[PDB]
Every structure is written in structure tokens, then in C-alpha cells.
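In this note's numbering, the protein residues as written are 46 to 103.
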């Protein structure tokens, strides 16, 4: 983890982190927010759940 941020990013693809603001640019598990502490618009629920089945669903 080069850039500080919640645990919602993939080390495989590139760009997952913002090189200017230092914040998750594209959280992985349908989550959004400066710290991936939210749910992408369209899916609601809990973006900070241990299980992906209870994350942010429609």
C-alpha cells in the first residue's frame, strides 16, 4: 500500500490511487468517497462490510 486509503483497491490495475490528492481514485468493491467509505451511486448498503454479499447492493 503506497498511498494511504481504506482497504478497497486492487494492486493489479494502475491508477487505482490519485497521484495528486493522495486518495483512492477508483475503489474496487462498488464503493466511493475520499476514503472508499461510501457506496457508488446506484448501489447502497454497507461499503465497509467484511462480506461482499452484504456490501452496497441495489
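Note that beta-carbon positions come from the ideal geometry of N, C-alpha and C, so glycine has one too.
Pick from the options that is closest to residue i, judged by C-alpha positions
i: residue 79; options: 85, 86 and 68; result: 68
i: residue 66; options: 50, 58 and 101; result: 50
Own chain partners of residue i with C-beta closer than 7 Å, once the 5 adjacent residues on each side are dropped
i: residue 53; result: 69, 72, 73, 74, 76 and 81
CB of residue i within 8 Å of CB of residue j, strictly
i: residue 102; j: residue 90; result: yes
Cβ shell of residue i (< 8 Å), same chain only, five flanking positions each side left out
i: residue 60; result: 70 and 71
Which ranges would you report for the alpha helix (DSSP H) in the stretch 46–87 if only whole runs of at least 4 residues count?
Runs of the alpha helix (DSSP H) inside the stretch 46–87: none found.
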